[PDB]
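Q: Dropping the structure in here first, questions after.
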There are 4 protein chains.
Amino acid sequence: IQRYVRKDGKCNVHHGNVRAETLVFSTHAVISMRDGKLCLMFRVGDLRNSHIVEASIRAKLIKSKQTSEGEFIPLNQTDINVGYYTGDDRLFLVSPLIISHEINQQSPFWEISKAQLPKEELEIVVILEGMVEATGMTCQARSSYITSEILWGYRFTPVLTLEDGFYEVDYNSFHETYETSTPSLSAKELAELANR
Amino acid sequence: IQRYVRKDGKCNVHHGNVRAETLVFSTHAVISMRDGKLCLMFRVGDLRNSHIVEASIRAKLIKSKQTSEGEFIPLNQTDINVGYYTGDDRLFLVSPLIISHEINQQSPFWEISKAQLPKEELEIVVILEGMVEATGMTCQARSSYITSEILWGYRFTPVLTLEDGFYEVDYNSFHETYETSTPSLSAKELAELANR
Amino acid sequence: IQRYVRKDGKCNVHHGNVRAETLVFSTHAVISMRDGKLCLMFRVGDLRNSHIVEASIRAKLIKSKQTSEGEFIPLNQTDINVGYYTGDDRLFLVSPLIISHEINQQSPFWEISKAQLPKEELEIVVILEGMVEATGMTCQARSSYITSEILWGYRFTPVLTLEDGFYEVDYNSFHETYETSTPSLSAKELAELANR
Amino acid sequence: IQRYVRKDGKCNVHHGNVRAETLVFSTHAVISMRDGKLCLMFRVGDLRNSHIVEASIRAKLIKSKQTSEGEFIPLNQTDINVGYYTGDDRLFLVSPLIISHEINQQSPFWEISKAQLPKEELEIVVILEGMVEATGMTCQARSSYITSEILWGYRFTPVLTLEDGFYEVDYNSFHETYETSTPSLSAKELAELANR
Ligand SMILES: [Pr+3]
Ligand SMILES: [Pr+3]
Ligand SMILES: [Pr+3]
Ligand SMILES: [Pr+3]
Ligand SMILES: [Pr+3]
Ligand SMILES: [Pr+3]
Ligand SMILES: [Pr+3]
Ligand SMILES: [Pr+3]
Ligand SMILES: [Pr+3]
């Protein structure tokens with residue numbers, strides 16, 4: 001068995017680094033199944049040359065809406081669950097990570113099917129916050145996915161490989177996705193059908 | 001569809017800024033209906049020239065009270081729910097936002113009707129905390145709403161408009177409200193009546 | 001009605017201050033009734049000359065124990081609830097505050113009566129953490145209450161008075177308590193008796 | 001009764017210190033019973049010469065996995081519960097502490113028995129984060145336990161002793177464990193058997 005983190009605390013990735021290069025999110029988001037749950041997933045990169053600490057991820061849905069009483073809220077914000085309640089949103093960023101939002105009854109995507117997706121006027125805003133270990137100061141890295149950048153029925157190509165003791169990252173596959181068989185039904189639609 | 005946040009992470013608001021001007025809360029708070037729930041809402045402004053990070057909102061009710069056992073607590077503090085349990089209190093402050101507190105069984109306003117409002121000896125304290133991106137240091141901006149500054153049955157005038165690619169903010173409508181048809185019953189009173 | 005916090009955000013306390021003096025906890029803790037619940041309460045002071053921010057309170061019980069399997073844990077730590085789950089532990093420290101821990105089924109004090117109190121080998125550790133606004137750096141102020149410093153059946157003397165527009169603090173009554181009629185039964189004992 | 005923390009807030013440990021030495025985790029993790037619950041425990045050390053503040057502990061499970069749909073996640077991360085939901089993960093680090101993760105239905109170890117342990121391809125990553133009081137800047141200390149470093153049926157040797165007023169720490173027993181009678185059944189297996 002090959003360790004990922006040594007006793008003293010130094011990680012075994014990118015042999016021989018120094019632990020202003022910006023942080024990367026995948027260009028695209030995907031939606032596909034994971035242990036019978038529908039998920040929306042994007043990948044968030046690591047800082048090659050340094051650690052990021054009190055590191056955490058969140059996501060906002062920018063979508064205009066009208067309240068039943070008539071009130072039009074242009075570009076309304078509502079939080080997307082990506083680990084808040086369990087702490088999985090507090091990241092150990094030592095290699096590019098797939099962040100996953102389980103689309104459930106409380107998810108803004110509960111009712112959206114594949115065909116219904118590209119009709120939606122919406123935008124996901126991904127926000128990474130953390131303190132850069134060397135530097136000392138707090139960072140914040142943002143990116144955005146509009147509808148036409150969310151791919152239904154795809155998965156992320158694994159970037160991780162282990163050769164000669166260390167773990168190395170194929171960075172040319174970072175934004176790479178691939179197609180996987182996936183229902184076109186909405187999350188709600190899938191639970192309705194299951195519950196009978 | 002016109003993006004609000006670009007891939008690289010720069011927002012498309014106030015074309016051509018530099019991303020000591022203080023932050024603004026609306027002068028007034030309002031109470032009115034939103035998807036069948038009664039809400040107390042105030043607006044909190046953005047920092048024209050910079051980002052605010054680990055950005056978060058909370059609110060305190062200053063109200064003296066007497067415990068059933070006889071104990072008089074002058075100017076007692078109790079938290080007002082404005083997103084704590086879901087993370088909606090963690091703000092993405094890229095344009096003036098309406099903060100909303102759903103008046104429910106746990107809300108200090110559960111039992112207060114329109115007529116009953118102006119009799120109450122109470123004060124809401126709104127507190128924004130965040131680290132200013134450029135600067136590096138933590139900010140804290142406070143403001144206050146007493147009874148006579150909470151308007152029953154109003155809504156906030158939308159400040160947001162999109163012209164020529166960017167989103168621009170009509171700041172002269174920031175504190176602007178308008179009247180909307182709203183029940184004068186208290187939140188509790190409204191749920192009692194509904195549940196039959 | 002006399003405001004405690006003005007629109008611009010400056011508080012109306014201690015007329016004419018500058019908003020190394022250390023922070024004070026009350027020397028003593030008390031236990032007494034509040035709206036039919038038994039509570040353990042201590043008072044935590046304010047920083048005369050400055051604000052404290054991301055301000056928060058927690059409390060630890062230092063008490064040795066033996067696990068049913070035989071394991072002796074000298075000076076074991078277990079968290080005391082003083083607002084965690086609702087945010088009431090996030091403080092707006094603009095005047096000396098009574099912190100309150102509702103003694104319930106999950107409280108380490110559930111089973112302790114008045115007579116049973118002074119037999120207990122225990123210690124409460126109160127810890128205030130916050131960033132000092134002027135300074136910029138994080139503070140931490142600790143204090144401790146052993147058994148013989150927790151007074152059963154007392155309350156805190158209110159320090160707060162309003163004269164000539166501003167609110168002024170009688171600091172000679174900070175640590176002052178007074179006796180109030182209170183059951184000598186334990187919290188559990190009180191709920192058992194009530195539930196019949 | 002001998003205090004651990006004095007009124008003014010100075011702790012009574014290591015008589016006569018100054019309150020770059022790194023922080024230590026125990027080399028080994030253990031699994032054994034605590035009040036009828038199965039627990040995974042590691043010990044985390046203190047900073048001899050200084051306080052650590054906003055101090056907190058978390059733990060990550062690095063374990064590759066395959067989703068029922070076929071997706072292989074190399075070196076997948078999932079949070080281990082070590083106090084998140086109650087605040088017991090927010091540490092008062094004034095002497096070496098045993099961190100405890102109660103192995104329950106939500107714990108990744110629910111299904112793992114003694115014999116089944118050494119077959120598992122897994123790694124626990126322990127991460128302490130805190131601000132160093134003197135310094136001002138944020139620390140982060142990591143360590144790791146692979147399978148062969150988790151000892152089933154052991155406990156930690158207590159390091160704490162009180163002599164001449166102060167509490168002193170036998171640091172040569174920090175990583176010391178000892179055997180204790182413990183079931184070889186998995187956590188799930190133990191609950192199945194109990195529930196009949
Ligand atoms: Pr290679
Ligand atoms: Pr490829
Ligand atoms: Pr214009
Ligand atoms: Pr207008
Ligand atoms: Pr922080
Ligand atoms: Pr006077
Ligand atoms: Pr007096
Ligand atoms: Pr000695
Ligand atoms: Pr020994």
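Ordered as shown in the structure tokens, chains take letters A, B, and onward, while each chain numbers its residues from 1 and ligands are numbered from 1 in the order shown.
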Could you give me the residues within region 34-181 of chain D that DSSP places in strand (DSSP E), as JSON, numbers by chain?
A: {"D": [34, 37, 38, 39, 40, 41, 42, 43, 44, 52, 53, 54, 55, 56, 57, 58, 59, 60, 61, 62, 63, 64, 65, 66, 72, 73, 74, 75, 76, 77, 78, 79, 97, 98, 99, 100, 101, 102, 123, 124, 125, 126, 127, 128, 129, 130, 131, 132, 138, 139, 140, 141, 142, 143, 144, 145, 146, 150, 151, 152, 154, 155, 156, 160, 161, 162, 163, 166, 167, 168, 169, 177, 178, 179]}
Q: Would you list the residues that come within 10 Å of ligand 7? Count only C-alpha atoms and all ligand atoms and give the answer as a PyMOL selection string.
A: chain C and resi 157-159+170-178
Q: Just to be explicit: take each residue in the selection above, keep N, CA, C and O atoms, and write the result as a PDB file, in the first residue's frame.
A:
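Resulting contents of out_36.pdb:
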ATOM      1  N   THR C 157     -27.030  40.354  38.993  1.00  0.00           N
ATOM      2  CA  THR C 157     -27.529  41.703  39.163  1.00  0.00           C
ATOM      3  C   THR C 157     -27.371  42.430  37.843  1.00  0.00           C
ATOM      4  O   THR C 157     -26.275  42.456  37.292  1.00  0.00           O
ATOM      5  N   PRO C 158     -28.464  43.033  37.330  1.00  0.00           N
ATOM      6  CA  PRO C 158     -28.366  43.737  36.049  1.00  0.00           C
ATOM      7  C   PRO C 158     -27.417  44.920  36.171  1.00  0.00           C
ATOM      8  O   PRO C 158     -27.499  45.688  37.134  1.00  0.00           O
ATOM      9  N   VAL C 159     -26.512  45.055  35.213  1.00  0.00           N
ATOM     10  CA  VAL C 159     -25.537  46.139  35.253  1.00  0.00           C
ATOM     11  C   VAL C 159     -25.982  47.325  34.409  1.00  0.00           C
ATOM     12  O   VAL C 159     -25.403  48.416  34.498  1.00  0.00           O
ATOM     13  N   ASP C 170     -23.031  50.017  35.297  1.00  0.00           N
ATOM     14  CA  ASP C 170     -22.541  49.913  36.668  1.00  0.00           C
ATOM     15  C   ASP C 170     -21.584  48.715  36.818  1.00  0.00           C
ATOM     16  O   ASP C 170     -22.012  47.614  37.158  1.00  0.00           O
ATOM     17  N   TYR C 171     -20.293  48.941  36.586  1.00  0.00           N
ATOM     18  CA  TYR C 171     -19.294  47.866  36.638  1.00  0.00           C
ATOM     19  C   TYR C 171     -18.980  47.272  38.030  1.00  0.00           C
ATOM     20  O   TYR C 171     -18.277  46.248  38.133  1.00  0.00           O
ATOM     21  N   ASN C 172     -19.472  47.911  39.090  1.00  0.00           N
ATOM     22  CA  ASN C 172     -19.240  47.402  40.443  1.00  0.00           C
ATOM     23  C   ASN C 172     -20.254  46.321  40.777  1.00  0.00           C
ATOM     24  O   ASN C 172     -20.196  45.696  41.842  1.00  0.00           O
ATOM     25  N   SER C 173     -21.209  46.124  39.873  1.00  0.00           N
ATOM     26  CA  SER C 173     -22.215  45.079  40.052  1.00  0.00           C
ATOM     27  C   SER C 173     -21.997  43.929  39.070  1.00  0.00           C
ATOM     28  O   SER C 173     -22.759  42.965  39.057  1.00  0.00           O
ATOM     29  N   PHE C 174     -20.943  44.035  38.263  1.00  0.00           N
ATOM     30  CA  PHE C 174     -20.604  43.002  37.295  1.00  0.00           C
ATOM     31  C   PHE C 174     -20.657  41.624  37.935  1.00  0.00           C
ATOM     32  O   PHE C 174     -21.438  40.797  37.491  1.00  0.00           O
ATOM     33  N   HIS C 175     -19.849  41.380  38.976  1.00  0.00           N
ATOM     34  CA  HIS C 175     -19.769  40.050  39.606  1.00  0.00           C
ATOM     35  C   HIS C 175     -20.838  39.864  40.673  1.00  0.00           C
ATOM     36  O   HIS C 175     -20.829  38.874  41.405  1.00  0.00           O
ATOM     37  N   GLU C 176     -21.748  40.822  40.788  1.00  0.00           N
ATOM     38  CA  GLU C 176     -22.732  40.756  41.849  1.00  0.00           C
ATOM     39  C   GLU C 176     -23.815  39.792  41.491  1.00  0.00           C
ATOM     40  O   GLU C 176     -24.355  39.815  40.392  1.00  0.00           O
ATOM     41  N   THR C 177     -24.137  38.939  42.438  1.00  0.00           N
ATOM     42  CA  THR C 177     -25.283  38.083  42.294  1.00  0.00           C
ATOM     43  C   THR C 177     -26.229  38.337  43.452  1.00  0.00           C
ATOM     44  O   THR C 177     -25.917  39.097  44.360  1.00  0.00           O
ATOM     45  N   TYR C 178     -27.387  37.692  43.407  1.00  0.00           N
ATOM     46  CA  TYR C 178     -28.352  37.734  44.488  1.00  0.00           C
ATOM     47  C   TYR C 178     -29.147  36.438  44.521  1.00  0.00           C
ATOM     48  O   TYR C 178     -29.276  35.763  43.506  1.00  0.00           O
TER      49      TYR C 178
END
Q: Listing only residues of chain B within 6 Å of chain C, what is the closest atom pair and its distance in Å (to one decimal) for each, using only C-alpha atoms, sorted by chain and residue number ascending, as JSON lines?
A:
{"residue": "B:67", "atom": "CA", "partner": "C:35", "partner_atom": "CA", "distance": 5.4}
{"residue": "B:68", "atom": "CA", "partner": "C:35", "partner_atom": "CA", "distance": 5.1}
{"residue": "B:79", "atom": "CA", "partner": "C:88", "partner_atom": "CA", "distance": 5.8}
{"residue": "B:142", "atom": "CA", "partner": "C:9", "partner_atom": "CA", "distance": 4.4}
{"residue": "B:143", "atom": "CA", "partner": "C:9", "partner_atom": "CA", "distance": 4.6}
{"residue": "B:144", "atom": "CA", "partner": "C:7", "partner_atom": "CA", "distance": 5.3}
Q: Dump the neighbourhood of ligand 6 as a list in words: all residues within 12 Å, distances computed on only C-alpha atoms and all ligand atoms.
A: residues 13, 14, 15, 160, 161, 162, 163, 164, 165, 166, 167, 168, 169, 170 and 171 of chain C
Q: So how many Å separate CA of residue 146 (chain D) and CA of residue 43 (chain D), to one decimal?
A: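 Pair CA of residue 146 (chain D) / CA of residue 43 (chain D) returns 15.2 Å.
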Q: Find the residues around residue 108 (chain D) up to 12 Å (only C-alpha atoms counted), leave out those fewer than 6 positions away in its own chain, and share them as a PyMOL selection string.
A: chain D and resi 39-40+59-63+77-81+101-102+117+120+122-124+186-188
Q: Write the residues you've just listed into a file as a PDB file, in the first residue's frame, and include N, CA and C atoms for each of them.
A:
ATOM      1  N   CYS D  39     -14.996   2.736  19.174  1.00  0.00           N
ATOM      2  CA  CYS D  39     -14.376   3.995  18.765  1.00  0.00           C
ATOM      3  C   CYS D  39     -12.996   3.850  18.139  1.00  0.00           C
ATOM      4  N   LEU D  40     -12.694   4.747  17.205  1.00  0.00           N
ATOM      5  CA  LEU D  40     -11.370   4.861  16.632  1.00  0.00           C
ATOM      6  C   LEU D  40     -10.760   6.105  17.212  1.00  0.00           C
ATOM      7  N   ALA D  59     -10.820  14.920  10.142  1.00  0.00           N
ATOM      8  CA  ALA D  59     -10.156  13.714   9.654  1.00  0.00           C
ATOM      9  C   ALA D  59     -10.759  13.264   8.349  1.00  0.00           C
ATOM     10  N   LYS D  60      -9.913  12.836   7.421  1.00  0.00           N
ATOM     11  CA  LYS D  60     -10.391  12.424   6.110  1.00  0.00           C
ATOM     12  C   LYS D  60     -10.021  10.994   5.831  1.00  0.00           C
ATOM     13  N   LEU D  61     -10.955  10.261   5.241  1.00  0.00           N
ATOM     14  CA  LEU D  61     -10.666   8.925   4.790  1.00  0.00           C
ATOM     15  C   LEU D  61     -10.317   8.931   3.313  1.00  0.00           C
ATOM     16  N   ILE D  62      -9.060   8.618   3.026  1.00  0.00           N
ATOM     17  CA  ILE D  62      -8.614   8.357   1.670  1.00  0.00           C
ATOM     18  C   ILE D  62      -8.829   6.882   1.366  1.00  0.00           C
ATOM     19  N   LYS D  63      -9.824   6.587   0.539  1.00  0.00           N
ATOM     20  CA  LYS D  63     -10.093   5.219   0.093  1.00  0.00           C
ATOM     21  C   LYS D  63     -10.727   5.193  -1.297  1.00  0.00           C
ATOM     22  N   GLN D  77     -12.120  10.922  -0.945  1.00  0.00           N
ATOM     23  CA  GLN D  77     -12.170  11.524   0.390  1.00  0.00           C
ATOM     24  C   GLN D  77     -13.596  11.577   0.920  1.00  0.00           C
ATOM     25  N   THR D  78     -13.768  11.193   2.183  1.00  0.00           N
ATOM     26  CA  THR D  78     -15.039  11.322   2.895  1.00  0.00           C
ATOM     27  C   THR D  78     -14.729  11.638   4.362  1.00  0.00           C
ATOM     28  N   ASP D  79     -15.405  12.649   4.919  1.00  0.00           N
ATOM     29  CA  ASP D  79     -15.174  13.128   6.306  1.00  0.00           C
ATOM     30  C   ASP D  79     -15.446  12.051   7.366  1.00  0.00           C
ATOM     31  N   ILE D  80     -14.594  11.988   8.383  1.00  0.00           N
ATOM     32  CA  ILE D  80     -14.784  11.125   9.548  1.00  0.00           C
ATOM     33  C   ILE D  80     -15.304  11.973  10.706  1.00  0.00           C
ATOM     34  N   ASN D  81     -16.394  11.550  11.334  1.00  0.00           N
ATOM     35  CA  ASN D  81     -16.932  12.312  12.453  1.00  0.00           C
ATOM     36  C   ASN D  81     -16.033  12.275  13.685  1.00  0.00           C
ATOM     37  N   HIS D 101     -13.565   9.015  17.513  1.00  0.00           N
ATOM     38  CA  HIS D 101     -14.583   8.925  16.502  1.00  0.00           C
ATOM     39  C   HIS D 101     -15.433   7.709  16.791  1.00  0.00           C
ATOM     40  N   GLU D 102     -16.665   7.960  17.214  1.00  0.00           N
ATOM     41  CA  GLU D 102     -17.624   6.904  17.483  1.00  0.00           C
ATOM     42  C   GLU D 102     -18.049   6.232  16.192  1.00  0.00           C
ATOM     43  N   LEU D 117     -10.257  -5.815   9.060  1.00  0.00           N
ATOM     44  CA  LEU D 117      -9.465  -4.604   9.071  1.00  0.00           C
ATOM     45  C   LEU D 117      -8.250  -4.706   8.162  1.00  0.00           C
ATOM     46  N   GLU D 120      -8.307  -4.140   4.296  1.00  0.00           N
ATOM     47  CA  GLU D 120      -8.796  -2.879   3.741  1.00  0.00           C
ATOM     48  C   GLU D 120      -7.684  -1.997   3.189  1.00  0.00           C
ATOM     49  N   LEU D 122      -7.024   1.391   2.879  1.00  0.00           N
ATOM     50  CA  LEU D 122      -7.506   2.680   3.371  1.00  0.00           C
ATOM     51  C   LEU D 122      -6.477   3.512   4.153  1.00  0.00           C
ATOM     52  N   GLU D 123      -6.780   4.800   4.329  1.00  0.00           N
ATOM     53  CA  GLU D 123      -5.892   5.750   4.988  1.00  0.00           C
ATOM     54  C   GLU D 123      -6.694   6.878   5.624  1.00  0.00           C
ATOM     55  N   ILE D 124      -6.437   7.110   6.908  1.00  0.00           N
ATOM     56  CA  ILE D 124      -7.044   8.189   7.684  1.00  0.00           C
ATOM     57  C   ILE D 124      -6.091   9.362   7.700  1.00  0.00           C
ATOM     58  N   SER D 186     -17.379  -6.616  14.016  1.00  0.00           N
ATOM     59  CA  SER D 186     -17.554  -5.253  13.503  1.00  0.00           C
ATOM     60  C   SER D 186     -18.655  -4.507  14.262  1.00  0.00           C
ATOM     61  N   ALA D 187     -18.627  -3.182  14.145  1.00  0.00           N
ATOM     62  CA  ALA D 187     -19.589  -2.308  14.809  1.00  0.00           C
ATOM     63  C   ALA D 187     -21.033  -2.677  14.478  1.00  0.00           C
ATOM     64  N   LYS D 188     -21.299  -2.826  13.180  1.00  0.00           N
ATOM     65  CA  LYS D 188     -22.591  -3.295  12.694  1.00  0.00           C
ATOM     66  C   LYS D 188     -22.900  -4.636  13.337  1.00  0.00           C
TER      67      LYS D 188
END
Q: Find the residues near residue 191 (chain D): any atom within 12 Å, counting only C-alpha atoms, skip ones fewer than 2 places away on the same chain, and give them as a list in words.
A: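 So, after excluding close chain neighbours, the residues are residues 36, 37, 38, 103, 104, 105, 110, 111, 183, 185, 186, 187, 188, 189, 193, 194, 195 and 196 of chain D.
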Q: Between CA of residue 16 (chain B) and CA of residue 56 (chain A), what is the distance in Å, rounded to a tenth?
A: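 About the pair CA of residue 16 (chain B) and CA of residue 56 (chain A): they are 29.6 Å apart.
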Q: For the atom pair CA of residue 69 (chain B) and CA of residue 149 (chain C), what is the interatomic distance in Å to one decimal place?
A: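 Computed distance, CA of residue 69 (chain B) to CA of residue 149 (chain C), equals 23.2 Å.
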